[PDB]
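1. pasting the first bit of my complex, frame unchanged:
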Amino acid sequence: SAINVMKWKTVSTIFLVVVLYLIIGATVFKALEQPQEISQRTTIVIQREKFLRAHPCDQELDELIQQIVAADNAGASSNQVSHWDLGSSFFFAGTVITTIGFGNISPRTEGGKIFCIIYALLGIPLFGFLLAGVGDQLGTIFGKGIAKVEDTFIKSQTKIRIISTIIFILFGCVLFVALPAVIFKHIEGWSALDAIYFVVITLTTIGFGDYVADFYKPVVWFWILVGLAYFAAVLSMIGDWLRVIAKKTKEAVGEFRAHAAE
């Protein structure tokens, strides 16, 4: 089991890198959010006691808020709109098989949960075959257009790969990031950032849910379908970049430690 140690060595080193990466990330987020956290939560204590002494008609303001936060975990106008309607249950399933899972709508029935479990364990693999085919299809659609555009530059075989990938990322980021984010900004009424924030969080299959988007809805899911293929390639390229940088900082430390002051 020689290489098995040569592997465990290499997983452990990656482990500590990720732990570092998270610690670095952890520090940066709480440095960027905890100020806004306190400002928003002192201004909520202001609004509490502004509504208390302006209506002393009281432990039970609380027992309203508990019932409103109990109305949080399910979403004039005493008649509301339907979450689980003909359409939102389709989009819900779409989030389940794509592993996005925004959580804006989630099952509360015990049977719905059990169904959601079985639906995912079968839907996630099934969707993978679709996305794999959609990705393969799109990658070969590119393959034709890139083969056309490279021969017009073969005025070396090696540096034209780089112009190629830049064409790829540029176009894709126009088609799959810029344009649908603009459409969301103009429709969902988001900011220039919240749109691009939504696009990434969705197509990176993270899906927090803080932002979630009858011709509009289908184009969104189909966008998600093809965009997930796009970031699949994008994230895959970034993984290669990292391997390059990782094993070329590995040679650079081998440089230093052998030279180690001349």
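-> Ah, there it is. Numbers count the residues shown, from 1 in each chain, chains lettered A, B, ... in the order given.

2. all contacts plus neighbour counts: C-alpha atoms, from now on.
-> Fine.

3. what comes up buried for stretch A:125-133?
-> By neighbour count on 16 or more other C-alpha atoms under 10 Å, the buried set for stretch A:125-133 is A:127, A:131.

4. identify all contacting residues around it.
-> Under the contact criterion C-alpha atoms under 8 Å, 6 or more residues apart in numbering, stretch A:125-133 has outside partners A:97-98, A:225-226, A:228-229.

5. give me phi/psi at residue A:211?
-> phi -130, psi 130 (degrees, to the nearest 10).

6. hmm, it is touching residue A:196, no?
-> No: judged on C-alpha atoms under 8 Å, residue A:211 makes no contact with residue A:196 at a distance of 10.7 Å.

7. between the two, who's got more neighbours?
-> In this view residue A:211 and residue A:196 are compared by other C-alpha atoms under 10 Å, and residue A:196 has more residues nearby, 20 against 17.

8. buried residues in the helix or strand where the more buried one lies?
-> Here residue A:196 sits within helix A:192-203, counting by DSSP states H and E. Neighbour-count burial for helix A:192-203 flags A:194-196, A:198-203 (criterion: 16+ other C-alpha under 10 Å).

9. now render those as TSV, adding distance to residue A:41.
-> Formatted as TSV, these follow (distance: C-alpha to C-alpha, whole Å):
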residue	distance to residue A:41
A:194	22
A:195	26
A:196	27
A:198	25
A:199	29
A:200	28
A:201	26
A:202	28
A:203	32
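
10. residue closest to the middle of chain A?
-> The centre of chain A sits closest to residue A:201, judged by C-alpha atoms, centre = their mean, with a distance of 2.5 Å.

11. measure that one to residue A:250 for me?
-> 32 Å (C-alpha to C-alpha, to the nearest Å).

12. need the contact partners of the helix holding residue A:196.
-> Outside helix A:192-203, the residues that touch it by C-alpha under 8 Å, 6+ apart are A:100, A:177-178, A:180-182, A:184-185, A:207-208, A:211-212, A:224, A:227-228, A:231.

13. filter these to the buried ones?
-> Buried members of those, counted by 16+ other C-alpha under 10 Å: A:100, A:177, A:180-182, A:184-185, A:207, A:211, A:224, A:227-228, A:231.

14. among those, which ones are in helices?
-> In this view, the buried ones among the contacts of helix A:192-203 that belong to helices under DSSP state H are A:180-182, A:184-185, A:224, A:227-228, A:231.

15. which of the residues you listed lies closest to residue A:47?
-> Taking C-alpha to C-alpha as the measure, residue A:47 lies nearest residue A:185 of those, at 30.7 Å.

16. report the buried residues of stretch A:95-112.
-> Of all the residues in stretch A:95-112, those buried under the rule 16+ other C-alpha under 10 Å are A:95-102, A:105-106.

17. closest to residue A:157 out of these?
-> Nearest member of the buried residues of stretch A:95-112 to residue A:157, counting by C-alpha to C-alpha, is residue A:98, at 37.7 Å.

18. quick check: which element contains the residue nearest to the closest one when sequence neighbours are not counted?
-> Excluding its sequence neighbours, the residue lying closest to residue A:98 (C-alpha to C-alpha, 6 or more residues apart in numbering) is residue A:124, at 6.4 Å. Residue A:124 is part of helix A:110-151 when elements are defined by DSSP H and E.

19. quick one on the thing from earlier: turn the buried ones among the contacts of helix A:192-203 into TSV, including distance to residue A:241.
-> Putting the buried ones among the contacts of helix A:192-203 into TSV (distance: C-alpha to C-alpha, whole Å) gives the following:
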residue	distance to residue A:241
A:100	25
A:177	21
A:180	27
A:181	26
A:182	29
A:184	31
A:185	32
A:207	25
A:211	30
A:224	25
A:227	21
A:228	20
A:231	15
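
20. just the residues you listed now: which is nearest residue A:62?
-> Nearest to residue A:62 among the buried ones among the contacts of helix A:192-203, counting by C-alpha to C-alpha, is residue A:211 at 28.0 Å.

21. include this sequence as chain B:
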Amino acid sequence: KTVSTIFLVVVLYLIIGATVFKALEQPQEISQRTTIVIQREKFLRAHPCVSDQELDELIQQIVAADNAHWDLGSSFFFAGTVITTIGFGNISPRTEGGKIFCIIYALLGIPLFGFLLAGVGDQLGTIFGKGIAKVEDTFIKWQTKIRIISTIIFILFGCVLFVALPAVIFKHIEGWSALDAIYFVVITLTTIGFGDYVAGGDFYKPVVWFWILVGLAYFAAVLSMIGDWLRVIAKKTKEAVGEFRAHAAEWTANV
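-> With chain B added, the chains above now look like this:
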């Protein structure tokens, strides 16, 4: 193409799924929402002063307080959700810089985490590789069919270690139900992560993330096996329709 045929299958699968969910949830939806109109008027009637005009104001500000933790630890767990693409959403950035950082952090963290999980998976797959090699030879001197006893051992033990036991731990600790625990486990380790249940809602919180790390490797294999069985069944039903359509009409020749 074969992609178009798969496309329509998924569409059909979603339509089937769509119908089943709204049949399972929209009843509870209305029951919960008529009993909220009851509670609204019950609080209007019963507080002549907290009148109609003093209530929606508040609810909008409370649902604006739904919009919103961030301590030494929760920001670590947040980053853990970002690189694992789980993203429960229970805590999400509100600063414009935090969002921009979250974007850059994910585009770099997601690939980085994949290498870890790939190594953790490879490591765990070879740890089983030893234990399974020892349990198969005891069934050989006793073979294409021993593969099947093997995978059943795999799924059983893994479901015990990675699903049953940590769900029980959550049920005692987070005070969940027998289902909500297993519901949480799947939704987390299938990297879906709705957020309706989160173990984060100091010995406990590290073991959870490390559990997630290794469990994600487990369902990675599980979902991968399920993909193969689908590929089998898809190809087995492809031959079966070729069976029917030729035999259908072996008969059609006879006139």
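
22. please look at the buried residues of stretch A:125-133 again, because chain B has been put in.
-> A:125-131, A:133 (16 or more other C-alpha atoms under 10 Å in any protein chain shown).

23. ditto for stretch A:15-26
-> A:15, A:18, A:21-23, A:25-26.

24. that one near chain B at all?
-> Yes: judged by C-alpha under 8 Å from any C-alpha of the partner chain, stretch A:15-26 comes into contact with chain B through A:15, A:18, A:21-23, A:25-26.

25. skipping adjacent residues, who's closest to residue A:95 in space?
-> In space, and not counting its chain neighbours, residue A:95 is closest to residue A:101: 4.7 Å by C-alpha to C-alpha, 6 or more residues apart in numbering or on different chains.

26. that neighbour touches residue B:194, doesn't it?
-> Yes: with contacts counted by C-alpha under 8 Å, residue A:101 reaches residue B:194, the gap being 5.0 Å.

27. any common contacting residues for those two?
-> residue A:208 (C-alpha atoms under 8 Å, 6 or more residues apart in numbering or on different chains).

28. just to revisit the earlier point, take the residues of stretch A:15-26 next to chain B and write them to a markdown table, including secondary structure.
-> Formatted as a markdown table, the residues of stretch A:15-26 next to chain B follow (DSSP: H, G, I helix; E, B strand; the rest coil):
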| residue | secondary structure |
| --- | --- |
| A:15 | helix |
| A:18 | helix |
| A:21 | helix |
| A:22 | helix |
| A:23 | helix |
| A:25 | helix |
| A:26 | helix |
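
29. of these, closest to chain B?
-> Chain B lies nearest to residue A:26 out of the residues of stretch A:15-26 next to chain B, by C-alpha to the nearest C-alpha, at 4.5 Å.

30. if we can go back for a sec, residue contacts, the residue nearest to residue A:95?
-> So residue A:101 contacts A:92, A:95, A:206-209, B:192-194 (C-alpha under 8 Å, 6+ apart).

31. can you check residue A:91 too?
-> Going by C-alpha under 8 Å, 6+ apart, residue A:91 touches A:221, B:18.

32. next: the one 4 residues further on.
-> Contacts for residue A:95 (C-alpha under 8 Å, 6+ apart) come out as A:101-102, B:192.

33. got the residues of the stretch 151-262 of chain A near chain B?
-> Near chain B, when you scan the stretch 151-262 of chain A using C-alpha under 8 Å from any C-alpha, you find A:193, A:197, A:200-201, A:204-210, A:235-236, A:238-239, A:242.

34. and those residues, which two are the farthest apart?
-> A:210 and A:242 (29.8 Å).

35. of these two, who's got more company?
-> Neighbour tally, residue A:210 and residue A:242, criterion other C-alpha atoms under 10 Å in any protein chain shown: the higher count belongs to residue A:210, 19 against 16.

36. mind checking the backbone torsions on that one?
-> Residue torsions, per degrees, to the nearest 10, at residue A:210 are phi -60, psi -20.

37. give the contact list for it.
-> Contacts of residue A:210 (C-alpha under 8 Å, 6+ apart): B:67, B:89, B:92.

38. can you rerun that using 7 Å?
-> Contacts of residue A:210 were listed using C-alpha atoms under 7 Å, 6 or more residues apart in numbering or on different chains, and they are residue B:89.

39. rewinding a little: relative orientation of the helix holding residue A:196 and helix B:96-140 in degrees?
-> 0 degrees (axes from the mean of the first three to the mean of the last three C-alpha atoms, to 10 degrees).

40. off-centre distance for helix A:192-203?
-> In terms of C-alpha atoms, centre = their mean, to the nearest Å, the centre of helix A:192-203 is found 8 Å from the chain centre.

41. then stretch A:46-58?
-> Mean-position distance between stretch A:46-58 and its chain equals 40 Å (C-alpha atoms, centre = their mean).

42. give me the contacts around that stretch.
-> By C-alpha under 7 Å, 6+ apart, the surrounding residues in contact with stretch A:46-58 are residue B:49.

43. just the terminal-to-terminal distance for that stretch.
-> End-to-end distance (C-alpha to C-alpha), stretch A:46-58: 16 Å.

44. many thanks, have a good one.
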